[PDB]
Amino acid sequence: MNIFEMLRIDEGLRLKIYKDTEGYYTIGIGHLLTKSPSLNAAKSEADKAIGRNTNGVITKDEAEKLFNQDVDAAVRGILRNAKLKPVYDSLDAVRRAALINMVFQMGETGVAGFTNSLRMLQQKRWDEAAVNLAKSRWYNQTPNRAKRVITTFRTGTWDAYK
Ligand SMILES: [Cl-]
Ligand SMILES: [Cl-]
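Check the secondary structure of the protein and you find nine helices and three strands. Ordered by position from N to C terminus, the α and β elements of the protein give α-β-β-β-α-α-α-α-α-α-α-α. Relative to a compact globule of 162 residues, whose C-alpha radius of gyration would be 15 Å, the protein shows 16 Å and is just as compact. C-alpha atoms of the protein, sized along the principal axes, occupy 50 × 30 × 25 Å. The 162 residues of the protein split such that 42% are buried.

Computed from the structure, the largest pocket encloses a volume of approximately 990 Å³. If you trace the largest pocket, you find 32 residues lining it, with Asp20, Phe104, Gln105, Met106 and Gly107 closest to the centre. Counting only elements with at least two residues in the lining of the largest pocket, the list comes to α1 (3-11), β1 (14-19), β3 (31-34), α3 (60-80), α5 (93-112), α8 (137-141) and α9 (143-155). Take the lining of the largest pocket: its biggest share by element is six residues, from α5.

Pairing analysis gives three bridges linking strand β2 (residues 25-28) to β3, with the strands arranged antiparallel. Along β3, the bridge assignment pairs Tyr25 with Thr34. Between the end of β2 and the start of β3, which pair antiparallel, lie two residues, with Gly30 showing a positive phi angle near 70°.

Attention shifts here to the UniProt feature "binding site: substrate" in the protein. Mapped onto this numbering, the UniProt entry annotates "binding site: substrate" at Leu32, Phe104, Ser117 and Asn132. With the annotated positions falling across 101 residues, the maximum pairwise C-alpha distance of 27.0 Å shows that they are not confined to a single cluster. Restricting the annotated residues just mentioned to those that line the largest pocket leaves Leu32 and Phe104. In this fold, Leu32 is placed in strand β3. Setting aside its immediate chain neighbours within four residues, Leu32 contacts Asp20, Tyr24, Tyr25 and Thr26. As for its position among the elements, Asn132 is in helix α7 (residues 126-134). In this structure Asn132 comes out as partly exposed when scored by relative accessible area, which is 22%.

Locating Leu33 in the fold gives a position in strand β3. By relative accessible area, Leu33 is classed as buried at 9%. Sequence separation of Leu33 and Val71 is 38 residues, and the distance between their C-alpha atoms is 15 Å. Residues contacting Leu33, with those up to four places away along its chain left out, are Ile17, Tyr25, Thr26, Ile27, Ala42, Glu45 and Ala46.

Before going further, it helps to spend a moment on α1. By the burial criterion, the buried members of α1 are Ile3, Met6, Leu7 and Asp10. Down the axis of α1, the buried side of the element spans an arc of 90°, and every buried residue falls inside it. Looking at the buried side of α1, the elements it contacts are α3, α5 and α9. The opening residue of α1 is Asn2, an N-cap whose side-chain oxygen sits 3.1 Å from the backbone nitrogen of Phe4. Phi turns positive one or two residues past the end of α1, at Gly12, with a value near 75°.

The rules behind each value
- Residues numbered from 1 in each chain as written, not as in the entry; some residues may be left out.
- Chains lettered and ligands numbered in written order.
- Heavy atoms only, no water.
- Helix = DSSP H or I, 4+ residues; strand = E, 2+ residues; numbered from the N terminus.
- Rg over C-alpha atoms; globule rule 2.2 N^0.38 Å.
- Buried < 20%, exposed > 50% of the residue type's maximum accessible area, 1.4 Å probe, protein only.
- 1 Å grid on protein atoms, 1.4 Å probe; cavity = no way out; pocket = protein on both sides within 12 Å on 5 of 7 lines; lining within 4 Å.
- Points joined across faces, edges and corners; volume = space filled by probe spheres on them.
- Pairing = 2+ DSSP bridges.
- UniProt positions renumbered as here; feature names shortened; annotations may be inferred.
- Contact = heavy atoms within 4.5 Å.
- Arc of directions from axis to C-beta.
- Polar contact = N/O pair within 3.5 Å; in protein donor to acceptor, adjacent residues only side chain to side chain.

What follows is the structure, given as structure tokens:
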């Protein structure tokens, strides 16, 4: 299992514009297009992202290409963030995939806001960090995905995904 396969299980793949769990326009593998309510603003962002007139539909290839960039961006965002980088550096390979996953879903800003859990992860206090992460809108809004990410952090194994 690896980050790509992990995120592919969490986000799924849709080749036509769709609405995410929060109601925002998305396409592909969890690629957010816009938080605006307009399907047209959504189609525009899609064409700009792909480089062609898409009419809100893309191909598998196009989807994976966006996915590749977005994982790359997630990692570089972590490495560039003063709050995130130390945490990341401190973690083993599996748990790093868990933090990338959170960043991909909620952005660098959001994750960075998990001050206490981050501190507990740095300290390697798995069980306590897992309890802290669960007290969040995140866990309440997408509980199954959250449990999977959280177990990854608690265990350092891919069990939740197997
Ligand atoms: Cl883009
Ligand atoms: Cl969920």
